[PDB]
Each structure stands twice: as structure tokens, then as C-alpha cells.
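Following: one structure in C-alpha cells, then a few remarks.
Each reported figure results from applying straightforward, stated rules to the coordinates on display, with no laboratory input. In this analysis, Cβ positions are derived from the backbone assuming ideal geometry, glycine residues included, and neighbour counts consider all displayed protein chains.
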Amino acid sequence: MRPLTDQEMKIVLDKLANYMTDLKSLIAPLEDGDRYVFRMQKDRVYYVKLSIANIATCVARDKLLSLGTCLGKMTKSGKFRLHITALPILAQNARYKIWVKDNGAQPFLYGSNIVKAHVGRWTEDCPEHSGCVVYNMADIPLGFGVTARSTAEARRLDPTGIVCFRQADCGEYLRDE
Amino acid sequence: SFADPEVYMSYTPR
Amino acid sequence: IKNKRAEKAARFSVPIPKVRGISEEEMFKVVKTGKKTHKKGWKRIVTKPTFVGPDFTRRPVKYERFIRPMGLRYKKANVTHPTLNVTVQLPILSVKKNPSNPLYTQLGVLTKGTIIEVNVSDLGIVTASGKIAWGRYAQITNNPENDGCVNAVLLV
Amino acid sequence: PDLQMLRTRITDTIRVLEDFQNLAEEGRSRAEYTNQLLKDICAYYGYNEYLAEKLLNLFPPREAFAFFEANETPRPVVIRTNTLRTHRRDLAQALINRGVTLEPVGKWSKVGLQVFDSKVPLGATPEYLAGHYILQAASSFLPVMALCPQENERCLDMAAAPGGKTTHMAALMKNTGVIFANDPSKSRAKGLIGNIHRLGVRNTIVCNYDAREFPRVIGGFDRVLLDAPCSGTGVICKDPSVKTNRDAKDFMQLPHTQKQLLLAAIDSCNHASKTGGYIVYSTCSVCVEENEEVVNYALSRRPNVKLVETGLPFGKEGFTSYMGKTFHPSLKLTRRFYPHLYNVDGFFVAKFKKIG
Amino acid sequence: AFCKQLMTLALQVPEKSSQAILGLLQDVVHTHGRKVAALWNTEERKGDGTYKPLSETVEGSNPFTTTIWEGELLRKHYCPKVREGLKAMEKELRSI
RNA sequence: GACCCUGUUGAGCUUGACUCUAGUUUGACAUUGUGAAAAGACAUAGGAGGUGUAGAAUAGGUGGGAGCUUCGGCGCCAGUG
RNA sequence: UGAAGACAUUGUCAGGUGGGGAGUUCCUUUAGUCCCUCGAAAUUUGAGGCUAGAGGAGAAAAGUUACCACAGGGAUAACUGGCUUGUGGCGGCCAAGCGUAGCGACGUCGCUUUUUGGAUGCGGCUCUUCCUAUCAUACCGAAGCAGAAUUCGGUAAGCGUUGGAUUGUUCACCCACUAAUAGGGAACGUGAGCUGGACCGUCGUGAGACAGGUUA
């Protein structure tokens with residue numbers, strides 16, 4: 001385990017700001033004089049409490065397997081990719097969010113792209129290729145992705161037309177079983 | 001008959 | 001073996017929530033409804049018989065587009081014990097090595113001469129330590145693609 | 001031979017043992033009758049002589065018959081609702097609206113539900129995928145209820161491979177504090193991390209260690225849970241290998257490891273704890289060689305620890321005495337669960353407080 | 001968060017200001033309802049985190065991890081007006 | 001359609017020395033006093049106790065012991081362990 | 001000189017981690033003496049210890065994959081054409097032979113498999129001619145074939161050979177006539193007639209979009 005470097009922090013925060021509004025909220029100190037920090041184990045970034053990181057320092061590097069919340073993985077070429085494990089933090093601080101019905105929520109959970117035939121609520125004034133967290137009609141965090149068109153284009157779009165591109169869904173928990 | 005009548009988990013509803 | 005199976009299945013069977021997931025064909029149709037532009041040949045069907053195990057599993061993106069149909073899936077094999085000369089129908093536990101393709105042994109493709117893991121509990125084979133064997137190696141020795149059955153010889 | 005005839009002989013022999021003084025034979029003895037019962041039950045239920053004899057020795061004839069029936073019968077499907085995401089009523093309402101038969105397991109748990117049958121896969125529900133519930137057993141419900149954790153505590157789960165107990169703990173510590181979830185298996189640690197992330201636990205540290213190494217590694221935990229590896233005599237339905245694959249050497253190896261694990265847990269917990277000095281020993285076996293022998297060992301080779309009330313609804317008091325071995329009198333507090341009495345896997349729980 | 005802090009304020013402000021705040025929350029519960037009913041039903045209290053009163057941010061303070069308890073003091077407040085204000089507010093809460 | 005290869009990418013697997021040490025972290029001890037109120041373990045002298053199953057029966061445990069005497073009930077032997 | 005207070009702070013040892021700073025070039029398995037220590041249970045075990053094989057220039061990055069996506073290159077470019085039909089596969093036993101262990105038919109045993117009775121995801125109609133793998137009509141052989149009604153088989157293409165329900169269509173089943181209401185070929189274009197896309201450009205790429213251009 002080690003802290004992130006400056007370039008790594010810049011890349012991780014670029015992705016996180018692509019999907020969120022407030023990030024000083026993520027790095028802000030808490031009541032007990034504790035704060036959330038970033039750690040790296042193998043090729044995966046972990047969003048953790050500073051106290052938890054300091055107390056987990058005693059665990060050997062080759063025998064530490066997880067810590068806090070897994071935020072993503074740094075690729076071989078130096079590119080950060082988020083995960084359905086990182087979905088919750090996107091849920092607290094989502095910029096753009098798109099709701100789907102059950103008949104589109106099940107396809108998304110199978111790993112398909114969102115369609116306006118599945119959409120049941122929009123986010124007003126959404127640019128073409130932005131950051132949208134996909135919910136169901138019960139405000140249940142279901143996934144995240146990038147939308148394909150703007151709000152007006154999606155409204156005037158064919159009911160059978162791709163509106164959002166899938167990157168992660170909650171069905172990967174059935175992958176890692 | 002070795003079944004606690006209060007909290008034995010039944011296989012059938014109720 | 002059959003009488004023991006009949007006793008257990010006739011008088012130790014109790015109501016249990018028994019359901020199954022949807023097939024990869026249904027999953028593919030749904031994701032295709034979700035994805036308009038169909039890349040040509042994006043679907044390759046595995047046309048050889050396979051073993052899977054679980055029902056509603058999510059495959060890695062590495063293999064997500066390999067579709068193994070229900071009509072081709074097999075769950076039990078006619079396994080022959082040579083020394084205790086007898087053939088019995090036994091469930092398949094896993095696929096260990098298809099000597100033709102690592103992709104086939106990853107997918108569970110059952111071809112001729114293929115090592116699989118078989119449940120040998122019904123045989124009552126006593127080990128050296130005195131235990132009953134719950135899994136052994138068996139080689140598929142037929143052509144399951146030409147014969148609608150899987151035939152294995154147990155390596156013991 | 002004829003299995004119906006074997007069962008008829010079993011029932012007749014149980015009746016003879018019930019009324020031996022009145023209903024008997026010319027010269028055949030009770031020992032001969034029990035030998036006939038043992039042979040019949042080994043030939044019918046597919047047990048070996050060793051484990052069958054332990055189970056027959058532990059239970060009275062009729063109760064042993066019921067125990068073996070329960071072992072041959074699959075236990076019910078139970079789901080623990082995640083307090084970190086929802087609550088029982090809303091989860092049950094959503095699942096019923098989705099097409100499943102749900103109802104609370106009883107009055108002993110506020111955070112669990114039973115499934116009588118379903119129309120959709122319970123592991124494929126959007127609620128499950130969002131982490132609203134986990135497929136779990138009541139036997140694993142019990143240890144966390146014994147080791148009810150508070151907020152802002154440091155806790156050590158010494159064998160957390162599935163993850164259900166660890167997630168129950170983090171729900172009761174309201175995602176506060178630190179949990180050290182340990183596994184000696186990496187392949188099962190994958191599923192452990194998966195469950196943790198699915199159910200949304202942020203206070204966990206997943207480590208790959210032999211659990212005997214923790215006083216060296218960190219030590220000083222506020223509360224410790226030890227679901228010790230065991231014979232599996234209470235989970236025979238899920239693992240039918242136990243019936244014929246447990247003999248004397250195995251029943252000598254396993255308890256020694258259990259002794260060392262409990263001693264490690266005791267040494268890893270701290271005495272001067274402002275909120276709790278509790279160690280919970282737990283197992284899914286019913287055999288005495290794996291039950292309360294380890295507790296007597298612990299109480300005899302660290303007197304700085306004492307048994308406390310489990311604070312737990314149901315179960316039977318443990319055995320203060322057995323076939324010659326006389327135990328410390330406090331072992332009546334440790335409680336025991338059987339599939340035939342309670343439709344929960346055979347299980348054993350014990351609570352320790354450190355005092356030094 | 002504003003409902004919780006406004007209940008605390010209604011506890012600790014003069015009578016007519018308290019009645020004003022209480023009527024404002026009455027209208028808020030009438031308008032929104034289900035969004036804040038969990039603040040009064042304790043079995044829908046969220047279990048992920050602890051309520052943080054002295055928070056720097058509205059989201060930093062977890063408002064759904066606490067319950068509106070201020071009624072047991074504002075009901076024995078000395079002002080009959082704020083008393084029927086609580087009565088009407090609880091009536092709307094029950095008639096949701 | 002399909003087969004082989006190359007480049008970039010993704011997913012996965014493996015490697016990435018040793019010795020001290022910053023930092024971080026667990027435990028024990030020390031400054032260090034005066035009292036008071038409780039708790040645990042050490043010191044005796046006493047008092048009361050032992051109900052898994054089967055066994056008539058609430059069998060701490062070990063030892064000798066075939067015969068025991070408020071001289072009539074017990075033993076032993078049979079069980080059951 | 002005032003405030004807090006036997007708590008902090010601080011210090012010494014034993015340790016854990018150390019992808020950071022400075023310097024230099026331990027565990028696991030195997031076989032053995034039943035040789036030693038620790039732990040457990042009592043009438044036996046587990047972990048270490050020994051002998052010598054096997055695993056793990058160095059925080060810059062490196063190796064690897066019958067896998068995925070994009071881009072590109074090479075080979076191949078149709079294909080069946082004395083083809084096809086009614087009798088499964090696997091293992092054992094037997095087995096004339098060939099051979100001097102190996103190949104091995106017909107059978108028989110074991111699995112599939114047993115002690116109480118919807119599938120389908122180009123179709124349809126008319127006409128000519130031909131085939132027989134014959135549904136009917138003609139003649140025969142057999143069957144507890146009494147009679148009547150039939151069943152199986154043989155020679156026969158001379159002569160005839162539907163409709164309904166349902167379904168996206170077809171089939172199965174099921175229902176009405178009828179003597180019966182068979183199946184096919186017209187040869188890579190199923191005899192004649194009728195009827196019911198790919199190249200570039202730009203912008204992105206965890207992914208597509210363009211009333212952008214061109215083209216058979």
C-alpha cells in the first residue's frame with residue numbers, strides 16, 4: 001500500500017469530477033479530526049479513512065486484499081476506470097442522473113444501454129456526453145455511465161434509440177461470486 | 001415432536 | 001445405487017424455493033434490444049455440447065459474447081468404472097482439460113478424450129485412509145457432438 | 001438390504017430401548033440392542049461407525065432419530081436485510097411486489113426474513129444487486145447477535161470467508177469503527193470482498209492470514225469473533241461428505257486447531273476496554289470434541305477470562321458433564337442449537353469477557 | 001436537514017417566531033410529505049452513519065439517521081398557539 | 001462466414017533484490033503522590049454442594065474393601081453403565 | 001507570581017508494516033535416521049529442527065494469453081457432385097481369424113432405463129409431366145382371422161387422392177366429410193403461371209453520431 005502521486009491524484013480526481021459536483025466534500029475533514037484519503041494496493045485505488053489506513057498499515061503488502069471502498073483500477077497505460085464498487089460515492093455526489101423503469105432496469109442490470117423507452121425521468125439541461133448515474137423508479141443506485149445525447153435530442157429521439165452508454169452495472173456482483 | 005412450538009422455523013407459510 | 005437414490009428422493013424430499021435464472025440467449029436478446037447497431041458476427045454460437053454448472057451467472061467481458069445453448073448443455077454422464085466393472089449415470093462437477101483448446105476447457109466444451117470432474121459418491125469407493133471418494137477424474141471417450149449423450153471412463 | 005426393513009428395525013429398536021425393562025428378549029441385552037441400532041442406522045443413513053456412534057451417544061434414541069431426519073432434510077432459505085441500506089418492512093414489500101413469498105423468521109431477529117418460494121432468482125433481484133439483503137443462515141445470524149458490536153469499536157473476524165457475519169457486524173456498528181476481516185483463502189476472499197462492496201461496508205480491512213498470527217500482527221481488538229473451522233456435523237445437509245469422511249485422526253486434528261485459535265482470540269482481545277472485552281467462540285458442529293472442550297481448555301489455561309451470558313433468545317444449556325470428562329460448571333451458559341429442535345443448522349456459541 | 005434544524009430552532013426561539021417556523025414546517029410536510037415522513041417514523045430511520053448536528057454542509061449532516069423528537073418539549077411549551085400548530089402538523093403527518 | 005499474424009487498448013496472470021530507517025501501528029513498563037468509595041485474585045478457619053444418556057436413583061474423583069453391625073437393614077452377586 | 005491536573009505530554013524495551021529515505025552485491029514440498037524442541041491427547045498426533053533438489057541491477061518498468069475492442073496484413077473464395085435412406089454411443093465377456101502383445105463381427109451385460117396406464121420462428125394457390133418409398137381401389141401370404149370389422153407383409157403408379165380449428169407460418173394432436181382424402185422430382189435460378197447496402201471525412205471513443213461527401 002502507498003499514497004497516490006500527483007499525476008495519479010490528478011487523473012483519479014478528473015474521473016471523479018467528470019461524474020460528481022463537489023469533491024472538497026470527499027476530502028473534507030470530519031468531526032473527530034479524521035479525513036478520507038486515497039490509497040493504492042496493486043493496480044487499484046481505494047477510498048479510505050485515514051485512521052483505517054493507518055491501522056491497516058500493519059498488514060503485510062502481499063496479504064492485504066481490500067481497504068475501504070475500491071474506487072477503480074489504474075490501467076497499464078496510466079488511465080483510471082471507475083467501478084460499480086465506486087457507484088455509492090457517485091450516488092452521494094452525482095452531477096447528472098437518469099431514472100429508468102423496471103423494464104429497462106432489468107436490461108441495464110443484464111448489461112445493456114439505457115433507452116428513452118426505458119427512461120421515466122430526466123435531468124434537465126444535460127450536455128451530450130456527460131456523467132449520469134442510472135437509478136430505477138425507487139431511487140435505487142443501479143449504475144453509472146455517459147449519456148449519448150442531450151435532453152432535447154433524447155426527447156425528440158426515437159423511442160427505440162440509445163440515450164446512455166453503459167460502463168458499470170450492479171450485475172458484476174454476480175460476476176465476482 | 002422435538003420442535004420448540006414458539007420459534008421452530010416451519011417449511012410452509014405460517 | 002438406484003434404490004438408494006429412490007429412497008432419498010422419495011422420502012427425504014421437502015418443499016424448497018426451487019427456481020433458475022434466464023439463459024444467455026435471453027440475456028443476449030435483451031442487451032441487443034438495448035444496443036441498436038449490431039456489429040456483423042457479434043454473436044458466435046458455441047455449437048459443441050458444454051457443461052456450465054450454475055444458471056444465472058454473469059460472465060467476464062472476456063467471454064460475455066460466447067453463447068452456450070440449453071439444447072447443447074449437459075449435466076450428467078454415463079461413467080464406467082473399469083475394475084468394479086459397472087457404468088452409472090453421474091453428475092458432472094467441473095471441466096478440467098479439453099486437449100484441443102484452452103478456450104474450450106474454459107467454456108466447458110465436451111469433446112472426445114476430455115478430462116472432467118465427476119461425483120463418484122454413489123459408488124462408495126473406499127480410499128486408502130478409509131474415506132469415500134466424492135470426486136474423481138473421468139475421460140470423455142465418445143463424440144458428444146454426434147451422440148446425444150456423454151460417455152466417460154473413470155481414471156482410477 | 002431392504003431400506004424399508006432397515007427403517008422398521010430402527011423403529012422397533014428405538015421402541016425396545018424406550019421400554020427395555022418391560023419389553024425385552026430372553027437373553028439379549030441393551031448393549032446388543034444399541035449395536036443393532038448402530039449397524040442399522042449406519043447402513044440406512046450412510047454414516048460411518050465413528051460419527052454415527054458419537055451422534056447416538058450424544059442423543060437419546062428418539063431424539064437421535066429426529067436429528068438424523070433433520071440432517072437428511074435441507075434447511076430453510078433465509079435472507080438478512082441490510083440495515084445500512086433499508087429495513088425489513090420495505091424490503092419485504094418490494095420482494096412481495098416482485099413475486100416472492102416472504103415473512104419474518106420469528107420474534108428473535110428484527111433484521112431477517114424467510115422465503116417460502118419465489119418466481120424470480122433471489123440472487124438476481126435489483127434489491128439484491130443494490131445490496132438490500134444477503135442470502136444467509138440463521139446459524140450465522142446467531143454469532144453476531146452474541147457479539148453485538150457497538151459504534152466506533154475495533155473488531156476482529158478471524159474467519160470471514162463468506163462475509164455475512166462481517167456485514168452483520170458493520171450494520172450494527174453503523175459503518176463506524178474498524179473491522180479486521182481475515183481469511184486464509186484468497187479465492188474465497190474474492191467473494192468476501194464482493195459481498196462487502198455489494199452491501200456497502202466502508203469500515204473493513206480484508207487480510208489473508210492464518211488467524212493464529214493476529215496478536216503478533218496487530219492485537220488489542222475491542223471485540224473478537226471466531227467462527228472456528230470444524231467437522232461440519234451441523235451442516236451435513238449442505239455438505240454430505242461429513243457422513244463418511246470424519247474419523248478419529250480428523251477429530252483429533254480439528255480440536256487442536258480450535259484450541260489454538262481460541263487462545264489467539266483471547267490474547268488478541270484486550271482487557272481494559274472502555275466499551276467491550278468480548279470474544280465470541282462459534283462453530284457449526286455438534287460434537288463435544290469440538291464443543292466446550294475448547295471452552296474448558298480456554299478457561300483452564302487463561303484464568304483472566306470468564307464466561308458471560310450469551311444474551312441470546314433460544315437454545316439449550318451446554319453439557320456440564322459428559323462421558324467421564326467433568327467440565328467447569330460455567331459451561332451451562334454456553335448454548336447449543338440442533339436442526340430438529342430448531343430448524344437451524346447444528347451450532348454452538350460461547351461468550352467470553354476478558355478481565356486481565 | 002432544514003426540518004431537523006428548524007425543529008431545534010422552534011424549541012429555542014420566542015413564541016411567535018416558533019409558531020411561524022412551526023407553520024412553515026406544516027406547509028413543508030403538506031407539500032412534500034413522503035420525502036420527510038421517515039423523520040417521524042423511527043422504523044424508517046436510516047442506519048448508515050450517525051447524525052452530525054455541528055456539520056459544515058447540509059449533506060455532511062446525515063439528516064435521515066435521526067428522528068424528530070422535539071414534539072415532547074414543544075407540546076408542553078407554554079403557548080397554546082404553538083400547541084395547536086403541533087397538533088395540526090402531526091395531523092398532516094398522520095394523514096399523509 | 002470462417003483461419004493465421006502484427007500494432008494499440010481492455011481484462012486477467014507473474015515478476016519487480018537485500019540490510020537499516022523515516023512514517024504508521026500493537027503491547028508492557030517508568031515519572032507518581034495523598035485519601036475515600038467499589039471490584040478481582042492471593043491468607044486461613046469454617047459452611048453448602050455436584051442432576052448429559054442409561055441406570056431404582058443428584059455417580060465430585062481416587063484408594064483399598066467381602067462381607068457391614070445403635071445388630072436390621074444393607075452388601076456382594078444380578079443389572080445399567 | 002497564577003491556571004490545569006496524577007489525565008495528557010514524554011521516555012525505555014518487545015514486536016507488525018514499510019511501492020517512501022540511506023547503504024551493498026522467510027516460509028512451502030520432496031525422501032531419509034524414527035535424531036531434537038514446542039503444542040495436544042493419554043496408551044498417540046500437529047508445527048518447527050538436520051541432510052540436499054525444487055518455488056517465490058530490482059519501483060524505472062518487464063514478461064505473458066488459441067481471450068475482448070479498434071486498425072491493419074497474409075492465406076482462402078463457393079460448394080456437393082456413383083453424395084443419400086431402418087435400426088445410438090461408450091466399457092466388459094465371447095470371438096473365426098490376422099498376427100506371434102495388438103485389430104476384431106453377431107450377440108449378451110451395465111448407463112440412458114421404470115414394481116401399478118406442444119414443437120416450429122419464407123409461405124400459399126393453379127396447371128403439365130414423371131418416380132414409388134402405395135393412402136384408396138385389384139389380387140395374394142400370415143395372425144383366435146368364428147361372422148363382421150380389421151392388423152402386418154408381398155405384386156402392383158392402371159385409376160383417384162380434401163377440408164376445419166389453431167397459429168406470424170407449418171407440423172403434431174384434435175374434429176368433419178370421403179373409397180381414400182400417400183409421399184416426392186423437374187437437378188447451384190426446386191417444370192410454367194399467379195400471389196403475399198459500402199467507402200471516405202470530421203468530431204468523439206469505457207460509445208457512437210453527422211440533412212457531411214461519394215459510390216455499385
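Of note:
- Meets criteria (more than 14 Å from chain A (Cβ to nearest Cβ) and either under 20 Å from C:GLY21 (Cβ atoms) or within 16 Å of RNA strand F (Cβ to nearest atom) (or both)) for C:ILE115: no
- Only one entry of A:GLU128, A:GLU153, A:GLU177 meets the criterion of being surrounded by fewer than 21 Cβ atoms within 10 Å (Cβ to Cβ), more than 15 Å from RNA strand G (Cβ to nearest atom) and farther than 23 Å from E:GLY60 by Cα, and that entry is A:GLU177.
- Within the stretch E:41-70, being among the small types (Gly, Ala, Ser) and free of Cβ contacts under 8 Å to residues at least 60 places away in the same chain holds for E:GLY47, E:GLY49, E:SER55, E:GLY60.
- Every listed requirement among (1) hydrophobic (A, V, I, L, M, F, W, C); (2) touching a residue at least 40 places away in the same chain (Cβ under 8 Å); (3) in contact with a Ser or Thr (Cβ under 8 Å, 6 or more places away or on another chain); (4) more than 9 Å from every other protein chain (Cβ to nearest Cβ) is met by D:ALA171 save one, (4).
- Restricting the search to strands (runs of 3 or more DSSP E) fully inside the stretch A:43-89 and requiring at least 3 residues that are more than 10 Å from RNA strand F (Cβ to nearest atom) and at the interface with chain D (Cβ under 9 Å from one of its Cβ atoms) gives A:44-49, A:64-67.
- Top-ranked residue in the stretch D:208-237 [being assigned to a loop (DSSP other than H, G, I, E, B) and at the interface with another protein chain (Cβ under 9 Å from one of its Cβ atoms); ranked as surrounded by the fewest Cβ atoms within 10 Å (Cβ to Cβ)]: D:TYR209
- Residue within the stretch D:238-249 that is under 25 Å from D:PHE214 (Cβ atoms), loosely packed, with under 15 Cβ neighbours inside 10 Å, within 14 Å of chain C (Cβ to nearest Cβ) and within 15 Å of RNA strand G (Cβ to nearest atom) present: no
- Flag for A:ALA168 being more than 14 Å from chain D (Cβ to nearest Cβ) and not in a loop (DSSP other than H, G, I, E, B): no
- Restricting attention to the stretch D:1-41, the residues that are more than 11 Å from RNA strand F (Cβ to nearest atom) and either of a type in the set (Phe, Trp, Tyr) or closer than 18 Å to C:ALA6 by Cα (or both) total 9.
- Within the stretch D:326-344, tally of residues that are of a type in the set (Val, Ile, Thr) and more than 19 Å from D:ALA146 (Cβ to Cβ): 1
- When residues in the stretch A:78-98 are screened for being free of Cβ contacts under 8 Å to residues at least 40 places away in the same chain and under 10 Å from A:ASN136 (Cα atoms), 0 of them pass.
- Selection of the stretch D:71-86 for residues being part of a loop (DSSP other than H, G, I, E, B) and touching a residue at least 60 places away in the same chain (Cβ under 8 Å) yields D:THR73, D:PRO74, D:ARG75, D:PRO76, D:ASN82, D:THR83, D:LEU84, D:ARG85.
- Hits in the stretch C:45-67 (condition: closer than 27 Å to C:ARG136 by Cβ, touching a residue at least 40 places away in the same chain (Cβ under 8 Å) and within 16 Å of RNA strand F (Cβ to nearest atom)): C:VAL46, C:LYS48
- Pair list, Cβ < 6 Å and 6+ apart or interchain, from the stretch C:31-44 residues that are within 12 Å of chain A (Cβ to nearest Cβ) and more than 19 Å from A:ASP169 (Cα to Cα) to residues that are near RNA strand G (Cβ under 7 Å from one of its atoms) and charged (D, E, K, R): none
- Any hit, the stretch C:11-30, residues being in contact with a strand residue (DSSP E or B) (Cβ under 9 Å, 6 or more places away or on another chain), within 16 Å of RNA strand F (Cβ to nearest atom) and within 14 Å of chain A (Cβ to nearest Cβ): yes
- Qualifying residue in the stretch A:102-112 (condition: charged (D, E, K, R) and either more than 24 Å from D:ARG85 (Cα to Cα) or under 20 Å from the mean Cα position of the chain (by Cα) (or both)): no
- Test: residue in the stretch D:164-186 that is hydroxyl-bearing (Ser, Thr, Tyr) and in contact with a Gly (Cβ under 7 Å, 6 or more places away or on another chain): no
- Here the condition is being of a type in the set (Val, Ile, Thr), more than 13 Å from RNA strand F (Cβ to nearest atom) and buried (at least 22 other Cβ atoms within 10 Å of the Cβ); of D:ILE205, D:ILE196, it holds for D:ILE196 alone.
- Tally, over the stretch C:39-66, of residues that are on the phi > 0 side of the Ramachandran plot and either within 19 Å of the chain's Cα centre (by Cα) or of a type in the set (A, V, I, L, M, F, W, C) (or both): 1
- Residues in the stretch D:1-45 that are among the basic types (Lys, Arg) and under 31 Å from the mean Cα position of the chain (by Cα) were compared, and the one that is surrounded by the most Cβ atoms within 10 Å (Cβ to Cβ) is D:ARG7.
- Taking strands (runs of 3 or more DSSP E) as the structural unit, those lying wholly within the stretch D:87-161 and holding at least 1 residues that are within 14 Å of chain A (Cβ to nearest Cβ) correspond to D:133-136, D:154-157.
Every residue, every condition in (1) buried (at least 20 other Cβ atoms within 10 Å of the Cβ); (2) more than 11 Å from RNA strand G (Cβ to nearest atom); (3) in contact (Cβ under 8 Å) with a residue 12 or more places away in the chain, yes or no:
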{"residue": "A:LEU26", "(1), (2), (3)": "no, yes, yes"}
{"residue": "A:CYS58", "(1), (2), (3)": "no, no, no"}
{"residue": "A:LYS63", "(1), (2), (3)": "no, no, no"}
{"residue": "A:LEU67", "(1), (2), (3)": "yes, no, yes"}
{"residue": "A:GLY72", "(1), (2), (3)": "yes, no, yes"}
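- Selection within the stretch D:1-39 - closer than 16 Å to D:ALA52 by Cα and either within 14 Å of chain C (Cβ to nearest Cβ) or among the basic types (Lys, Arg) (or both): D:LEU6, D:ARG7, D:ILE10, D:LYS39
- Residue in the stretch D:275-302 that is farthest from B:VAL7 (Cα to Cα), counting only those that are loosely packed, with under 15 Cβ neighbours inside 10 Å and without any contact (Cβ under 8 Å) to a residue 40 or more places away in the chain: D:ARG301
- Residue selected from the stretch D:329-344 under the condition away from every other protein chain (no Cβ under 14 Å) and under 9 Å from D:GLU292 (Cβ atoms), by the criterion surrounded by the most Cβ atoms within 10 Å (Cβ to Cβ): D:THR334
- Of the residues making up the stretch D:252-274, those that are free of Cβ contacts under 8 Å to residues at least 40 places away in the same chain, more than 8 Å from RNA strand G (Cβ to nearest atom) and either buried (at least 16 other Cβ atoms within 10 Å of the Cβ) or at the interface with chain C (Cβ under 10 Å from one of its Cβ atoms) (or both) are D:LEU254, D:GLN258, D:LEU262, D:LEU263.
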